[PDB]
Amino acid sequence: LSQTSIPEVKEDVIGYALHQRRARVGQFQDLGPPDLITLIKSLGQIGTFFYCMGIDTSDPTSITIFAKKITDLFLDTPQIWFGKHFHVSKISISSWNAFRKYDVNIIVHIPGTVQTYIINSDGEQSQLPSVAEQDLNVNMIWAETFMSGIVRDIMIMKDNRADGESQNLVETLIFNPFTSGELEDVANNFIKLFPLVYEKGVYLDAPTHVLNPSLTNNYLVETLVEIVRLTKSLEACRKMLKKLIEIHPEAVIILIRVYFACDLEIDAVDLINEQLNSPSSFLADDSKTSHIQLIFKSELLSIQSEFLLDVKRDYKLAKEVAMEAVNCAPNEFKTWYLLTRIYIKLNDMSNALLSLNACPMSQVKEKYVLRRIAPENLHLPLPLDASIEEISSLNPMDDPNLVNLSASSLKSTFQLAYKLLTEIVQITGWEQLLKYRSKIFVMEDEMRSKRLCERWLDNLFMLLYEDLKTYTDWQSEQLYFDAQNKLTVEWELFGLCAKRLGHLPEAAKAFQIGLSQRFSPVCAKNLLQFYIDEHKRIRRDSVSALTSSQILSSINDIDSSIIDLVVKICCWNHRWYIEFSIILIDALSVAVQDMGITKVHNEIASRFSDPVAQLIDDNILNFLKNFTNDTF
């Protein structure tokens, strides 16, 4: 905490950030901008600002508390400022409501004036009272702003899972939302406030792979189920949702997605069965419009087939279901995706291509990314709080064949489909794939049953070609050495190529080599992910019915590397102002699931210093210890 892990951008003229953000209110059109903190401090004097994430917006008193902490740290100790006593004259905090597109800004002065005011889509500076000075729609301002904020906190992590939660906006400081509440449990706050904003949730649009957003498909519901999964707050969510059922019957979907996250498969399956096979079902009544019932039916069947595919796998039943799912929603991505994967797991290479070609692709829609509300002078502090090796900071200046790879830049549905293309090319081989392709697709011009390739699939084929080319080139050039007698960037890149193409241990060990040579966040991330993959693989194969002792030892060692990687990555995040990661919590969760939490903390106490043990205790372990309820 304290004076480091708080980036600062200076401004030549004061009030710059607030002015720019006030000019930008029109074009936002998003989940939102990140919250903006603007500072005027003193012993002229200077103006600063930075972006923040994870604050408690549910009550302005809490925001005053936060700002009071921010001010307090400066007061306790002088500023470094690369070589000064400072104290905040004026502290501004600007957060965004996306249910209703307006921005609320709270200003705290040293004089002690606490102003709260509102800017909307025109830039019309509406004022903001305090509880009739009706009343409930002032509480709901803070409430909606809070839910909007939490959505912006979770979903930015949940949308960037595939790139390891990369953040290209450096001047942001991120907290853990789950631990941010004074006097209120943020997760429980979200649970309580959910039915109030449930209707308005769709207005928030959806992830890119959701082509047709719904009441039960959107950022709000995803934020909900992610929170419930991470916290295991089963009883409260069950309570409120059961309340919400009587009014809104279609939210039985959200109960099911929660039963799954809290791992009651049985009652969730009973539930789906009741929704799809009862005269009492809300799908059955003739009054409600058929297509809006069809969307929800499609979602239900998609949930069922995804359950039957990703776990407890019956490929046949999942197929017979996913076909109905496609029939109920031919224009959705997920249905075709599931059908394609099931086709793959059944060796239907020809069928998959027809279905993969039939997969609708997201146009114009982008995943949520933190953006900058202004277009060299900066302040990037260097935390001495918790530090390990490789903090030594360099200039990694620069195989152009390896960085001009196109599939690295691949986006969204095209990426998720590219993975399936690798999934089949790892079975058929390249040329057999070419033959299969040639037997159903339209080939080269300059007869009938052949249909048209969708030409994003053609590009995927070209990218697959270049990928295989570079991969085999590397593997050859390495196998030629054979210990007769390598660059970290290139280890990352090649590791990513092998990661894409379906070659796991080669990629993993490439990253391992890169981790011997240097430190790379990407290497440690993908390596950790590889360890989790091996963990799940081993533990499920045992479930299937490696010798029990081989199982035990492999589990222990895998956990013992998972801890180390988690620690190093967490320190990497602390170096760059990020206190939050769902990936790391998920990772440590299974170590704590195997061996006691006590024991995990002991194992980190062994290999690491106390600053680091303390940091990890803050940013992961405390949440797992007390901020979930008695699952462990």
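So that there is no doubt, residue numbering starts at 1 and follows the sequence shown.
The entry models residue 287 and residue 288 with no unmodelled deposited residue separating them. Unmodelled stretch separating residue 43 from residue 44: 10 or more residues (count of deposited-sequence residues without coordinates).
Checked against the record, the higher mean CA B factor of 332-340 and 362-370 lies with 362-370.
The question of which stretch, 93-101 or 476-484, has the higher mean Cα B factor is settled in favour of 476-484. Comparing C-alpha B-factors across 174, 323, 183, 252 in the deposited entry, the largest value falls on 183. Between the residues 310, 423, 165, 399, the entry's highest C-alpha temperature factor is the one at 399. In this PDB entry, residue 375 carries a Cα temperature factor that places it within the highest third of its chain's modelled residues.
The entry lists a Cα temperature factor for residue 606 that places it in the highest third of the chain's modelled residues. Sorting the modelled residues of the chain by their CA temperature factor places residue 194 in the lowest third. Ranked by Cα temperature factor within the chain, residue 135 sits in the highest third according to the deposited record.
Ranked by C-alpha B-factor against the other modelled residues of its chain, residue 213 falls in the lowest third.
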